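Participant: Input target.cif, format and content: mmCIF, C-alpha atoms.
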```
data_model
#
loop_
_atom_site.group_PDB
_atom_site.id
_atom_site.type_symbol
_atom_site.label_atom_id
_atom_site.label_comp_id
_atom_site.auth_asym_id
_atom_site.auth_seq_id
_atom_site.Cartn_x
_atom_site.Cartn_y
_atom_site.Cartn_z
ATOM 1 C CA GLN S 23 -34.150 -20.749 2.067
ATOM 2 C CA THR S 24 -32.358 -17.779 3.575
ATOM 3 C CA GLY S 25 -28.802 -18.986 2.878
ATOM 4 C CA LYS S 26 -29.546 -18.771 -0.845
ATOM 5 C CA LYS S 27 -31.313 -15.407 -0.654
ATOM 6 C CA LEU S 28 -28.620 -13.913 1.569
ATOM 7 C CA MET S 29 -25.914 -15.081 -0.838
ATOM 8 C CA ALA S 30 -27.761 -13.461 -3.756
ATOM 9 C CA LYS S 31 -28.283 -10.215 -1.818
ATOM 10 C CA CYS S 32 -24.599 -10.080 -0.881
ATOM 11 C CA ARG S 33 -23.421 -10.678 -4.457
ATOM 12 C CA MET S 34 -25.744 -7.979 -5.777
ATOM 13 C CA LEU S 35 -24.463 -5.380 -3.311
ATOM 14 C CA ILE S 36 -20.832 -6.340 -3.988
ATOM 15 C CA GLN S 37 -21.400 -5.899 -7.722
ATOM 16 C CA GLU S 38 -22.983 -2.483 -7.078
ATOM 17 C CA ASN S 39 -20.086 -1.299 -4.901
ATOM 18 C CA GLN S 40 -17.495 -2.656 -7.333
ATOM 19 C CA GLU S 41 -19.155 -1.060 -10.373
ATOM 20 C CA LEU S 42 -19.544 2.172 -8.411
ATOM 21 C CA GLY S 43 -15.936 2.323 -7.234
ATOM 22 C CA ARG S 44 -14.722 1.828 -10.791
ATOM 23 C CA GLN S 45 -16.867 4.805 -11.843
ATOM 24 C CA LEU S 46 -15.527 7.058 -9.085
ATOM 25 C CA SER S 47 -12.031 5.981 -10.159
ATOM 26 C CA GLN S 48 -12.457 6.436 -13.912
ATOM 27 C CA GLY S 49 -14.170 9.751 -13.183
ATOM 28 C CA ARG S 50 -11.185 10.963 -11.177
ATOM 29 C CA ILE S 51 -8.656 9.884 -13.812
ATOM 30 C CA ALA S 52 -10.619 11.617 -16.556
ATOM 31 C CA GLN S 53 -10.849 14.773 -14.450
ATOM 32 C CA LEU S 54 -7.118 14.737 -13.714
ATOM 33 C CA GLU S 55 -6.252 14.205 -17.361
ATOM 34 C CA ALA S 56 -8.536 17.080 -18.395
ATOM 35 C CA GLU S 57 -7.048 19.426 -15.819
ATOM 36 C CA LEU S 58 -3.574 18.469 -16.927
ATOM 37 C CA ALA S 59 -4.208 19.263 -20.593
ATOM 38 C CA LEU S 60 -5.822 22.554 -19.656
ATOM 39 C CA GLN S 61 -2.984 23.553 -17.307
ATOM 40 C CA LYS S 62 -0.400 22.771 -19.989
ATOM 41 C CA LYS S 63 -2.278 24.856 -22.546
ATOM 42 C CA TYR S 64 -2.376 27.720 -20.028
ATOM 43 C CA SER S 65 1.339 27.552 -19.330
ATOM 44 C CA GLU S 66 2.082 27.839 -23.078
ATOM 45 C CA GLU S 67 -0.128 30.940 -23.379
ATOM 46 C CA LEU S 68 1.395 32.382 -20.202
ATOM 47 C CA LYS S 69 4.966 31.946 -21.411
ATOM 48 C CA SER S 70 4.112 33.459 -24.780
ATOM 49 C CA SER S 71 2.301 36.533 -23.466
ATOM 50 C CA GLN S 72 5.096 37.223 -20.971
ATOM 51 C CA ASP S 73 7.639 37.226 -23.794
ATOM 52 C CA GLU S 74 5.541 39.713 -25.800
ATOM 53 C CA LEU S 75 5.171 42.015 -22.784
ATOM 54 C CA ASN S 76 8.866 41.746 -21.959
ATOM 55 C CA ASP S 77 9.867 42.884 -25.463
ATOM 56 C CA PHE S 78 7.652 45.958 -25.194
ATOM 57 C CA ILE S 79 9.050 46.686 -21.726
ATOM 58 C CA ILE S 80 12.567 46.739 -23.201
ATOM 59 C CA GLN S 81 11.487 49.278 -25.834
ATOM 60 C CA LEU S 82 9.679 51.358 -23.221
ATOM 61 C CA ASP S 83 12.839 51.347 -21.073
ATOM 62 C CA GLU S 84 14.951 52.568 -24.006
ATOM 63 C CA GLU S 85 12.377 55.251 -24.785
ATOM 64 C CA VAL S 86 12.160 56.557 -21.208
ATOM 65 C CA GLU S 87 15.934 56.889 -21.264
ATOM 66 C CA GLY S 88 15.904 58.656 -24.633
ATOM 67 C CA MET S 89 13.274 61.110 -23.384
ATOM 68 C CA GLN S 90 15.377 61.825 -20.309
ATOM 69 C CA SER S 91 18.394 62.592 -22.483
ATOM 70 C CA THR S 92 16.284 64.820 -24.712
ATOM 71 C CA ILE S 93 15.221 66.858 -21.700
ATOM 72 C CA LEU S 94 18.846 67.140 -20.581
ATOM 73 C CA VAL S 95 20.105 68.227 -24.004
ATOM 74 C CA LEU S 96 17.240 70.731 -24.372
ATOM 75 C CA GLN S 97 17.880 72.213 -20.956
ATOM 76 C CA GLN S 98 21.518 72.908 -21.787
ATOM 77 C CA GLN S 99 20.668 74.311 -25.230
ATOM 78 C CA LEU S 100 18.113 76.596 -23.594
ATOM 79 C CA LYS S 101 20.630 77.704 -20.953
ATOM 80 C CA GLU S 102 23.159 78.622 -23.579
ATOM 81 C CA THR S 103 20.621 80.433 -25.759
ATOM 82 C CA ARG S 104 19.288 82.351 -22.757
ATOM 83 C CA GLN S 105 22.718 83.573 -21.695
ATOM 84 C CA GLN S 106 23.501 84.807 -25.205
ATOM 85 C CA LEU S 107 20.157 86.616 -25.372
ATOM 86 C CA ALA S 108 20.850 88.156 -21.965
ATOM 87 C CA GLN S 109 24.307 89.377 -22.980
ATOM 88 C CA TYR S 110 22.829 91.077 -26.062
ATOM 89 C CA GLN S 111 20.168 92.752 -23.914
ATOM 90 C CA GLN S 112 22.722 93.927 -21.318
ATOM 91 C CA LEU S 113 24.926 95.325 -24.107
ATOM 92 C CA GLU S 114 21.952 97.157 -25.637
ATOM 93 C CA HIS S 115 20.726 98.579 -22.302
ATOM 94 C CA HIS S 116 24.248 99.757 -21.449
ATOM 95 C CA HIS S 117 24.675 101.257 -24.894
ATOM 96 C CA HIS S 118 21.675 103.434 -24.300
ATOM 97 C CA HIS S 119 23.081 105.474 -21.453
ATOM 98 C CA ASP Y 21 6.307 60.080 -33.843
ATOM 99 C CA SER Y 22 6.049 56.439 -34.859
ATOM 100 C CA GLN Y 23 7.301 54.912 -31.609
ATOM 101 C CA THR Y 24 6.752 57.358 -28.800
ATOM 102 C CA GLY Y 25 6.884 56.630 -25.127
ATOM 103 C CA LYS Y 26 3.209 57.345 -24.825
ATOM 104 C CA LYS Y 27 2.380 54.643 -27.318
ATOM 105 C CA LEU Y 28 4.660 52.126 -25.721
ATOM 106 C CA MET Y 29 3.312 53.031 -22.275
ATOM 107 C CA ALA Y 30 -0.251 52.430 -23.438
ATOM 108 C CA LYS Y 31 0.750 49.152 -25.081
ATOM 109 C CA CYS Y 32 2.473 47.864 -21.943
ATOM 110 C CA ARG Y 33 -0.520 48.844 -19.785
ATOM 111 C CA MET Y 34 -2.904 47.105 -22.149
ATOM 112 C CA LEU Y 35 -0.800 43.945 -22.167
ATOM 113 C CA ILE Y 36 -0.427 43.900 -18.385
ATOM 114 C CA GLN Y 37 -4.186 44.212 -17.908
ATOM 115 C CA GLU Y 38 -4.949 41.352 -20.283
ATOM 116 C CA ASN Y 39 -2.366 39.153 -18.588
ATOM 117 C CA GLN Y 40 -3.664 39.974 -15.105
ATOM 118 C CA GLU Y 41 -7.321 39.528 -16.091
ATOM 119 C CA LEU Y 42 -6.494 36.163 -17.639
ATOM 120 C CA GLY Y 43 -4.521 35.000 -14.611
ATOM 121 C CA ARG Y 44 -7.383 36.064 -12.353
ATOM 122 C CA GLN Y 45 -10.169 34.355 -14.321
ATOM 123 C CA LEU Y 46 -8.096 31.191 -14.557
ATOM 124 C CA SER Y 47 -7.328 31.347 -10.817
ATOM 125 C CA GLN Y 48 -11.075 31.517 -10.123
ATOM 126 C CA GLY Y 49 -11.646 28.557 -12.408
ATOM 127 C CA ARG Y 50 -9.034 26.498 -10.578
ATOM 128 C CA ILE Y 51 -10.644 27.283 -7.227
ATOM 129 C CA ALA Y 52 -14.147 26.481 -8.501
ATOM 130 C CA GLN Y 53 -12.788 23.249 -9.948
ATOM 131 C CA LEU Y 54 -11.228 22.266 -6.650
ATOM 132 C CA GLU Y 55 -14.374 23.167 -4.746
ATOM 133 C CA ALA Y 56 -16.555 21.012 -7.001
ATOM 134 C CA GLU Y 57 -14.125 18.107 -6.908
ATOM 135 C CA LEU Y 58 -13.867 18.317 -3.130
ATOM 136 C CA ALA Y 59 -17.680 18.311 -2.875
ATOM 137 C CA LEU Y 60 -18.059 15.284 -5.137
ATOM 138 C CA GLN Y 61 -15.323 13.466 -3.250
ATOM 139 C CA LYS Y 62 -17.048 14.039 0.086
ATOM 140 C CA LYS Y 63 -20.419 13.048 -1.366
ATOM 141 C CA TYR Y 64 -19.056 9.762 -2.775
ATOM 142 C CA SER Y 65 -17.209 9.115 0.495
ATOM 143 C CA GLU Y 66 -20.589 9.220 2.266
ATOM 144 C CA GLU Y 67 -22.441 7.088 -0.257
ATOM 145 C CA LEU Y 68 -19.607 4.671 -0.093
ATOM 146 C CA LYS Y 69 -19.741 4.320 3.619
ATOM 147 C CA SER Y 70 -23.440 3.660 3.653
ATOM 148 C CA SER Y 71 -23.121 1.083 0.868
ATOM 149 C CA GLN Y 72 -20.306 -0.624 2.779
ATOM 150 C CA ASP Y 73 -22.360 -0.606 5.967
ATOM 151 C CA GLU Y 74 -25.265 -2.194 4.091
ATOM 152 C CA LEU Y 75 -23.042 -4.925 2.635
ATOM 153 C CA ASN Y 76 -21.420 -5.642 6.007
ATOM 154 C CA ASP Y 77 -24.918 -5.977 7.453
ATOM 155 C CA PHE Y 78 -25.895 -8.807 5.120
ATOM 156 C CA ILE Y 79 -22.403 -10.366 5.268
ATOM 157 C CA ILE Y 80 -22.921 -10.784 9.005
ATOM 158 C CA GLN Y 81 -26.376 -12.286 8.435
ATOM 159 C CA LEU Y 82 -24.923 -14.640 5.811
ATOM 160 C CA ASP Y 83 -22.107 -15.591 8.190
ATOM 161 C CA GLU Y 84 -24.627 -16.517 10.877
ATOM 162 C CA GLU Y 85 -26.609 -18.570 8.365
ATOM 163 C CA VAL Y 86 -23.546 -20.522 7.179
ATOM 164 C CA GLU Y 87 -22.797 -21.220 10.848
ATOM 165 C CA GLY Y 88 -26.391 -22.305 11.458
ATOM 166 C CA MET Y 89 -26.337 -24.604 8.449
ATOM 167 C CA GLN Y 90 -23.094 -26.177 9.642
ATOM 168 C CA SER Y 91 -24.738 -26.722 13.040
ATOM 169 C CA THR Y 92 -27.786 -28.305 11.420
ATOM 170 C CA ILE Y 93 -25.649 -30.687 9.379
ATOM 171 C CA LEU Y 94 -23.831 -31.756 12.554
ATOM 172 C CA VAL Y 95 -27.040 -32.379 14.486
ATOM 173 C CA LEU Y 96 -28.691 -34.202 11.573
ATOM 174 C CA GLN Y 97 -25.623 -36.390 11.073
ATOM 175 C CA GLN Y 98 -25.643 -37.294 14.764
ATOM 176 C CA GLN Y 99 -29.373 -38.041 14.815
ATOM 177 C CA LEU Y 100 -28.972 -40.200 11.717
ATOM 178 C CA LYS Y 101 -26.134 -42.117 13.402
ATOM 179 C CA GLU Y 102 -28.240 -42.752 16.550
ATOM 180 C CA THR Y 103 -31.376 -43.685 14.609
ATOM 181 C CA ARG Y 104 -29.493 -46.123 12.395
ATOM 182 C CA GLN Y 105 -27.911 -47.707 15.474
ATOM 183 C CA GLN Y 106 -31.261 -48.350 17.189
ATOM 184 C CA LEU Y 107 -32.708 -49.509 13.896
ATOM 185 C CA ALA Y 108 -29.796 -51.911 13.419
ATOM 186 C CA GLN Y 109 -30.623 -53.635 16.698
ATOM 187 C CA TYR Y 110 -34.120 -54.397 15.401
ATOM 188 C CA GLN Y 111 -32.672 -55.777 12.142
ATOM 189 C CA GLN Y 112 -31.850 -59.007 13.975
#
```
As structure tokens, please, write out the structure in this file.

Facilitator:
Amino acid sequence: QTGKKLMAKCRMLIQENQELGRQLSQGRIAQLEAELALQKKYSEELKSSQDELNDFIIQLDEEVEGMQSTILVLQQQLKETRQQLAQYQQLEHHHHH
Amino acid sequence: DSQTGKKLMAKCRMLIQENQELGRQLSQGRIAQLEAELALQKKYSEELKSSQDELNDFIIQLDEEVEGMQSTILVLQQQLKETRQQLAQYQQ
């Protein structure tokens, strides 16, 4: 009798849809939870490697400044040594008629 | 000689490259993840719809059959009433 068989067919499809929809749902929750853990792990590694780079950038900044001062000090030392050398040469040349 | 600018410069370059390569690879992974999850979501959306349409098909058939059974009960109850009435007249 078709009332009975249609009732059975309906129940069987409802059970399939309901079991399916629970799987889609549990699958989405598991995926979200896995992405969350992985994104948190990444943010820890990001924060740490930025700190390490930022410390080396500070040192590099200090060193670029030191090098610039060294060039400045050397230039002035060279200027003063060159003018003394020149004066001695001018005195010698003059002293040789 | 221990901590020159050249050494620091190389160290900062090396660190920047590792950080950028990491951020890139992980960016690709996030995009691939979203692409796959979008694809699955659209696939299930379709399978869902066709399962729902199948169910609704039989639900409508079942609905008609419940209606037809209710009709049959009504007709049978009426026929039984009329037959018992005629019969009753012969029972005296």

Participant: Once the PyMOL selection byres ((chain Y and resi 71-88) around 7) has been applied to the shown file, what residues remain in the selection, as JSON, numbers by chain?

Facilitator: {"S": [25, 28, 29, 32, 35, 39], "Y": [67, 68, 69, 70, 89, 90, 91, 92]}

Participant: Record the distance separating CA of residue 40 (chain S) and CA of residue 64 (chain Y), expressed in Å with one decimal.

Facilitator: 13.3 Å

Participant: Show me, as a PyMOL selection string, the residues of chain S whose atoms get within 12 Å of chain Y, using only C-alpha atoms for the distance check.

Facilitator: chain S and resi 23-43+45-47+49-50+53-54+56-58+60-61+63-65+67-90

Participant: Could those residues be written to a file, using C-alpha atoms, as a short mmCIF file (atom, residue, chain, number, x, y, z; two decimals), in the coordinates of the input?

Facilitator:
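The resulting file, selection37.cif, is reproduced below:
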```
data_model
loop_
_atom_site.label_atom_id
_atom_site.label_comp_id
_atom_site.auth_asym_id
_atom_site.auth_seq_id
_atom_site.Cartn_x
_atom_site.Cartn_y
_atom_site.Cartn_z
CA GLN S 23 -34.15 -20.75 2.07
CA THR S 24 -32.36 -17.78 3.58
CA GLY S 25 -28.80 -18.99 2.88
CA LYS S 26 -29.55 -18.77 -0.84
CA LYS S 27 -31.31 -15.41 -0.65
CA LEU S 28 -28.62 -13.91 1.57
CA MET S 29 -25.91 -15.08 -0.84
CA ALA S 30 -27.76 -13.46 -3.76
CA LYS S 31 -28.28 -10.22 -1.82
CA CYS S 32 -24.60 -10.08 -0.88
CA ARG S 33 -23.42 -10.68 -4.46
CA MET S 34 -25.74 -7.98 -5.78
CA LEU S 35 -24.46 -5.38 -3.31
CA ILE S 36 -20.83 -6.34 -3.99
CA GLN S 37 -21.40 -5.90 -7.72
CA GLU S 38 -22.98 -2.48 -7.08
CA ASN S 39 -20.09 -1.30 -4.90
CA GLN S 40 -17.50 -2.66 -7.33
CA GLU S 41 -19.16 -1.06 -10.37
CA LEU S 42 -19.54 2.17 -8.41
CA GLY S 43 -15.94 2.32 -7.23
CA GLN S 45 -16.87 4.80 -11.84
CA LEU S 46 -15.53 7.06 -9.09
CA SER S 47 -12.03 5.98 -10.16
CA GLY S 49 -14.17 9.75 -13.18
CA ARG S 50 -11.18 10.96 -11.18
CA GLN S 53 -10.85 14.77 -14.45
CA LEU S 54 -7.12 14.74 -13.71
CA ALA S 56 -8.54 17.08 -18.40
CA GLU S 57 -7.05 19.43 -15.82
CA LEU S 58 -3.57 18.47 -16.93
CA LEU S 60 -5.82 22.55 -19.66
CA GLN S 61 -2.98 23.55 -17.31
CA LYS S 63 -2.28 24.86 -22.55
CA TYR S 64 -2.38 27.72 -20.03
CA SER S 65 1.34 27.55 -19.33
CA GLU S 67 -0.13 30.94 -23.38
CA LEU S 68 1.40 32.38 -20.20
CA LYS S 69 4.97 31.95 -21.41
CA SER S 70 4.11 33.46 -24.78
CA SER S 71 2.30 36.53 -23.47
CA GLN S 72 5.10 37.22 -20.97
CA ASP S 73 7.64 37.23 -23.79
CA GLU S 74 5.54 39.71 -25.80
CA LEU S 75 5.17 42.02 -22.78
CA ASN S 76 8.87 41.75 -21.96
CA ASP S 77 9.87 42.88 -25.46
CA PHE S 78 7.65 45.96 -25.19
CA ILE S 79 9.05 46.69 -21.73
CA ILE S 80 12.57 46.74 -23.20
CA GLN S 81 11.49 49.28 -25.83
CA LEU S 82 9.68 51.36 -23.22
CA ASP S 83 12.84 51.35 -21.07
CA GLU S 84 14.95 52.57 -24.01
CA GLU S 85 12.38 55.25 -24.78
CA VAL S 86 12.16 56.56 -21.21
CA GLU S 87 15.93 56.89 -21.26
CA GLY S 88 15.90 58.66 -24.63
CA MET S 89 13.27 61.11 -23.38
CA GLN S 90 15.38 61.82 -20.31
#
```

Participant: If you measure from CA of residue 66 (chain Y) to CA of residue 44 (chain S), what distance in Å do you get, rounded to one decimal?

Facilitator: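 Interatomic distance here is 16.1 Å.
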
Participant: Provide the CA of residue 37 (chain Y) to CA of residue 51 (chain Y) distance in Å, to one decimal place.

Facilitator: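 Interatomic distance here is 21.0 Å.
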
Participant: Write only N, CA, C and O atoms for region 38-52 of chain Y from the block just shown, as a PDB file, in the first residue's frame.

Facilitator:
```pdb
ATOM      1  N   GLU Y  38      63.840  35.676   4.632  1.00  0.00           N
ATOM      2  CA  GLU Y  38      63.128  34.580   5.273  1.00  0.00           C
ATOM      3  C   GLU Y  38      61.736  35.009   5.696  1.00  0.00           C
ATOM      4  O   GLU Y  38      60.775  34.249   5.553  1.00  0.00           O
ATOM      5  N   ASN Y  39      61.616  36.205   6.281  1.00  0.00           N
ATOM      6  CA  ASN Y  39      60.301  36.655   6.721  1.00  0.00           C
ATOM      7  C   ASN Y  39      59.359  36.835   5.534  1.00  0.00           C
ATOM      8  O   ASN Y  39      58.206  36.402   5.576  1.00  0.00           O
ATOM      9  N   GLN Y  40      59.855  37.422   4.446  1.00  0.00           N
ATOM     10  CA  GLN Y  40      59.014  37.658   3.282  1.00  0.00           C
ATOM     11  C   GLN Y  40      58.634  36.351   2.593  1.00  0.00           C
ATOM     12  O   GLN Y  40      57.485  36.185   2.166  1.00  0.00           O
ATOM     13  N   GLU Y  41      59.586  35.427   2.459  1.00  0.00           N
ATOM     14  CA  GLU Y  41      59.286  34.124   1.874  1.00  0.00           C
ATOM     15  C   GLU Y  41      58.248  33.377   2.699  1.00  0.00           C
ATOM     16  O   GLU Y  41      57.306  32.793   2.154  1.00  0.00           O
ATOM     17  N   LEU Y  42      58.396  33.399   4.021  1.00  0.00           N
ATOM     18  CA  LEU Y  42      57.391  32.781   4.875  1.00  0.00           C
ATOM     19  C   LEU Y  42      56.025  33.413   4.651  1.00  0.00           C
ATOM     20  O   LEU Y  42      55.039  32.710   4.402  1.00  0.00           O
ATOM     21  N   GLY Y  43      55.950  34.745   4.743  1.00  0.00           N
ATOM     22  CA  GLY Y  43      54.667  35.413   4.620  1.00  0.00           C
ATOM     23  C   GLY Y  43      54.000  35.131   3.286  1.00  0.00           C
ATOM     24  O   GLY Y  43      52.772  35.023   3.198  1.00  0.00           O
ATOM     25  N   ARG Y  44      54.812  34.993   2.237  1.00  0.00           N
ATOM     26  CA  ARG Y  44      54.310  34.665   0.913  1.00  0.00           C
ATOM     27  C   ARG Y  44      53.717  33.261   0.896  1.00  0.00           C
ATOM     28  O   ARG Y  44      52.522  33.077   0.628  1.00  0.00           O
ATOM     29  N   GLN Y  45      54.547  32.257   1.200  1.00  0.00           N
ATOM     30  CA  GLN Y  45      54.088  30.870   1.239  1.00  0.00           C
ATOM     31  C   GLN Y  45      52.828  30.723   2.077  1.00  0.00           C
ATOM     32  O   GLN Y  45      51.881  30.038   1.675  1.00  0.00           O
ATOM     33  N   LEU Y  46      52.785  31.364   3.243  1.00  0.00           N
ATOM     34  CA  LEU Y  46      51.583  31.233   4.060  1.00  0.00           C
ATOM     35  C   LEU Y  46      50.392  31.961   3.442  1.00  0.00           C
ATOM     36  O   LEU Y  46      49.250  31.503   3.576  1.00  0.00           O
ATOM     37  N   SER Y  47      50.633  33.090   2.762  1.00  0.00           N
ATOM     38  CA  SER Y  47      49.560  33.750   2.017  1.00  0.00           C
ATOM     39  C   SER Y  47      48.987  32.834   0.935  1.00  0.00           C
ATOM     40  O   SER Y  47      47.768  32.727   0.797  1.00  0.00           O
ATOM     41  N   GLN Y  48      49.851  32.167   0.165  1.00  0.00           N
ATOM     42  CA  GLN Y  48      49.380  31.203  -0.818  1.00  0.00           C
ATOM     43  C   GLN Y  48      48.545  30.112  -0.164  1.00  0.00           C
ATOM     44  O   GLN Y  48      47.450  29.770  -0.637  1.00  0.00           O
ATOM     45  N   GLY Y  49      49.021  29.568   0.948  1.00  0.00           N
ATOM     46  CA  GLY Y  49      48.268  28.541   1.628  1.00  0.00           C
ATOM     47  C   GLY Y  49      46.900  29.010   2.068  1.00  0.00           C
ATOM     48  O   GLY Y  49      45.923  28.259   1.979  1.00  0.00           O
ATOM     49  N   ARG Y  50      46.799  30.255   2.551  1.00  0.00           N
ATOM     50  CA  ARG Y  50      45.479  30.756   2.944  1.00  0.00           C
ATOM     51  C   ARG Y  50      44.551  30.862   1.742  1.00  0.00           C
ATOM     52  O   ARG Y  50      43.352  30.575   1.847  1.00  0.00           O
ATOM     53  N   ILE Y  51      45.078  31.296   0.600  1.00  0.00           N
ATOM     54  CA  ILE Y  51      44.244  31.434  -0.585  1.00  0.00           C
ATOM     55  C   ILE Y  51      43.792  30.059  -1.073  1.00  0.00           C
ATOM     56  O   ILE Y  51      42.599  29.814  -1.269  1.00  0.00           O
ATOM     57  N   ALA Y  52      44.732  29.121  -1.195  1.00  0.00           N
ATOM     58  CA  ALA Y  52      44.385  27.749  -1.553  1.00  0.00           C
ATOM     59  C   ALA Y  52      43.359  27.167  -0.601  1.00  0.00           C
ATOM     60  O   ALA Y  52      42.409  26.506  -1.033  1.00  0.00           O
TER      61      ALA Y  52
END
```
